[PDB]
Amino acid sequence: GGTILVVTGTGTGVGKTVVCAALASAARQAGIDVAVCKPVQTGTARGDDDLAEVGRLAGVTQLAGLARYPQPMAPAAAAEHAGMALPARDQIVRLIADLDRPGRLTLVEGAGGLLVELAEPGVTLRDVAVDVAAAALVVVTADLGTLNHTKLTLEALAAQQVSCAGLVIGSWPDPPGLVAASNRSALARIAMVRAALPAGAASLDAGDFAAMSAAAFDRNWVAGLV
C-alpha cells in the first residue's frame, strides 16, 4: 500500500475541495502520484462536481466516484429525494483501497463534515477512514466558531483512533481581520497548521494555482507524506 489521506472539514463550504486540489498539486510537484476519490457527489443538477474542480486546478486524472445526486442536499437527503439508496460501505472502502498503491497519495473527499452519512447503513467518512487505516486532514475556517468546531472534529477523530494529519485553513481572507488572525494562532495551539489557502484561489488558472499550492504547504511535509 501507499498513503491514503481522508480530507474532512468542520462543515460544508470550508474549501475541502480546493484543499484536496492544492495538496494534490503540491504532491504532484513533488513528483508524487495523486489520486482523488469523491465517492458521493450531490448538487449535480446545478453542476456541482468536486472531482472536476480537482482535475482543472491540479491536473489529477485519477478521479474516482460512485454516485451523483442532482439535489444540492446532504447525501442521504439527496438519496431520499431521488428515490435511490446510497452506495454500500464496501463499494467505498474497496474503491479506495483499489486506488491506493505504493508511491501514490490518495485523497478522499467526503461531503460536508465528518459525521455526515456517506453510505448504507448510516456509515460516515470517519468509519471509512478507519476501514482503510487513513489519517484525517481537517479543513477549517478562520471565522468565529472555528475553534469549537475544530475541537469537536478532532475529538471525534480521536474517539475512533483516526489520526489527525493536521489542519488547513481552507480560505484565508484578505485582509485577515482581528478574529481570523487570532484564530490562526489558537488553531496552531491544537494541531499543526499545514497551510492557509488564500481566499479566492478556486479562481486561479492551473499555472497560478500550482504556484499557490507550491508555496502553501511545507515541501518536506508534502514529500514526507508517501
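One rule holds for the numbers: they count along the sequence shown, beginning at 1.
So 74-82 or 107-115, which one's hotter by mean CA B-factor in the entry? The deposited B-factors put 74-82 ahead on the C-alpha mean.
Can you let me know which of the two, 85-93 or 120-128, has the higher average C-alpha B-factor in the entry? Stretch with the greater average CA B-factor: 120-128.
Quick one: which of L178, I32, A35, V54 has the biggest Cα B-factor according to the entry? Among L178, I32, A35, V54, the PDB entry lists the largest C-alpha B-factor for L178.
By the recorded C-alpha temperature factor, relative to the other modelled residues in its chain, which third is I169 in? It belongs to the lowest third of the chain when residues are ordered by C-alpha B-factor.
Within this chain, which third does the Cα B-factor at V222 fall in: lowest, middle or highest? Middle third by C-alpha B-factor.
Among the chain's modelled residues, which third holds the C-alpha B-factor of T42? Its C-alpha B-factor, which the entry lists for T42, ranks in the lowest third among residues of this chain.
Going by the entry, which third of its chain does the Cα temperature factor of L99 land in? According to the entry, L99 has a C-alpha B-factor in the chain's lowest third.
Grab the CA temperature factor for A21 from the record and place it in the lowest, middle or highest third of its chain. As the PDB entry reports it, the C-alpha B-factor of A21 lands in the lowest third of its chain.
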